[PDB]
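You are given structure tokens for the same protein chain in two forms, set apart as structure 1 and structure 2.
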Structure 1
């Protein structure tokens, strides 16, 4: 059914721009660092550092690679 495939593709694309907001990027980045406080000491002064340094870039790039057509195919909508 081409209509359910279409709707599914709209849905997947909609998720992609919703995580893409800066409000979500901050929530996620803030919620990390906390994961790091579950450590040291030395391995929490380099966990925060690395989250800070690479995190923004990792987040926007993982969104870019999302295949709507693939998500929807593994649901059997497309």
Structure 2
């Protein structure tokens, strides 16, 4: 109605907020430790994925956030 509109607005702002340089820097610094915890037979393919798409994961995941589906879980849409 209008609590859906306000909730949806807020989720959109949050999404925008956290798509920022502090978040990226933090993700990039962690990719090493992330691949290390994987079986030795998957190491190379992990590095290969990180060294191709690592820098673009955050934006892809944020871009897929559905403001109405978040607000649905909060019972506001």
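Positions refer to the first chain, counted from 1. In this text, rigid core is short for the largest set of C-alphas that superpose within 1.5 Å between two forms. Residues that one form lacks are left out of the comparison.
Core fit, then residue 23 C-alpha moves 2 Å or more between structure 1 and structure 2:
Indeed, residue 23 is displaced by 2 Å or more.
Does the distance between the two CA positions of residue 10 reach 2 Å or more between structure 1 and structure 2, the core being superposed?
After core superposition, the displacement of the residue 10 C-alpha between structure 1 and structure 2 stays below 2 Å, so no.
Residue 67 C-alpha moves between structure 1 and structure 2 by 2 Å or more, core aligned
The answer is no, as the C-alpha of residue 67 shifts between structure 1 and structure 2 by less than 2 Å after core alignment.
Once the core is aligned, what is the C-alpha displacement of residue 56 between structure 1 and structure 2? Give it in Å to one decimal.
With the cores aligned, its C-alpha sits 2.5 Å away.
Shift in Å of the C-alpha at residue 34 between structure 1 and structure 2 after core superposition
The shift comes out to 7.8 Å.
Which stretches of at least three consecutive residues shift by 2 Å or more at every Cα between structure 1 and structure 2, once the core is superposed?
After superposing the rigid core, the only shifted stretch between structure 1 and structure 2 is 21 to 56.
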